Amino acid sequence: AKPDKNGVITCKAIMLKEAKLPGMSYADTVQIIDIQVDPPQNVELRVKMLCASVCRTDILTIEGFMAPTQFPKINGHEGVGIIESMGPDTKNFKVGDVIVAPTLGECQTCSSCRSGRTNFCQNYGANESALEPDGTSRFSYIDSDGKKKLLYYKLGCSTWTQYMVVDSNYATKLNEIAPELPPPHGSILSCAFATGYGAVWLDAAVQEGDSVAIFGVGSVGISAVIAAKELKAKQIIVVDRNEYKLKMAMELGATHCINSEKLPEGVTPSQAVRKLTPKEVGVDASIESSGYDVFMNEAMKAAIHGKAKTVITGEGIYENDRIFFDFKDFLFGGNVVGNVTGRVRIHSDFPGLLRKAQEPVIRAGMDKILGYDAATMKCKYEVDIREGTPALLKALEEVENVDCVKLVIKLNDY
């Protein structure tokens, strides 16, 4: 879209009217509407989005996750686009750059950045207000009563829109290192792939000859399998109840699979994992990527006491917003870390991830996650924001299809 004389763009975006509480439909809350996107201020990028792709956390967001008051909103944190314009103070970006902009920036000067061992930057942390720091939004719409109304972001931006505004301290560019990378690949690099790959590579720090357990092989868990295989793990144990995704995981380098719904009475997933290791010692690295609170506990219990790290990537709407651990196993060697975006720092680590993503085996793995067809640039599960709300609502139901690993939302021509 071309801006009007005041620099405002009118474009399609996916609006969430309110939380979809249990028993409510997508139809109750989700609608494609025309929105107005204000021009970028200060160090902001306004970004022509190519595609978004559906993270389970996007579905949690529809259900009200981390948004007690921040409706109506434009959804989405997983996506890729092209810089269309920039605020006047912007440095180190140009119009035409291809960017992703995940939740955490990297100031490189706080004690967290300088530690070398985390991406939880003190200066560019999660924008939980879902607003600009002055309480405004670059997004608005004209409702049925003709009134101009504010739309919240997801966090520091929204990706389910033809045009997004994001603070450039959260952006990192793809076009210098990977000018030929297709859009849906760039989209999963913004969250799902970075998360599973980085949880294994950076956070669990998997070494050649390590044993790895992965609880949940959706897009995040399969990304973890691809990393564990690249890093020459001796053993890659995948746990899930979805036989399709367990089989995909086995095709991309998992060595052992466990269907948690088919375990003998009184055999826990952690016991099943331990049974596959020498003297039932457990795994060198335990990844949770399910959102199932039970699996966070089972992941902790699967890890070799003291030596191994359990990396929790999963998210969900839990009773009292709490998770639980078996205390005796926890005290006697538990080691559990929260992980966002795989610990992949947007300046220090993302460039090497992007170079890795171009290696043939890693690309084949991304193609499999996406069911990508390079001839048509279409993914197996794809919906286009220009095709209207009914198509989108059907696609959101089909996220639960057994063979839907990653739904893609096409936003603009490629």
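Residue numbers here begin at 1 and follow the sequence given.
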205-213 or 158-166, whichever carries the higher mean Cα B-factor: 205-213
So, looking at the entry's B-factor column for Cα atoms, which has the higher mean, 214-222 or 257-265? 257-265
What's the residue among 78, 326, 176, 284 with the greatest CA temperature factor in the PDB record? 176
Could you tell me which one of 301, 229, 343, 245 shows the highest CA temperature factor in the PDB record? 229
C-alpha B factor of residue 29, ranked within the chain: lowest, middle or highest third? lowest
Third assignment of residue 377 from its chain's C-alpha B-factors: highest
Chain-relative C-alpha B factor for residue 296 (record values, thirds): the lowest
Split the chain's modelled residues into thirds by Cα B-factor; residue 335 lands in the lowest
Third of chain Cα B-factors occupied by residue 152: lowest
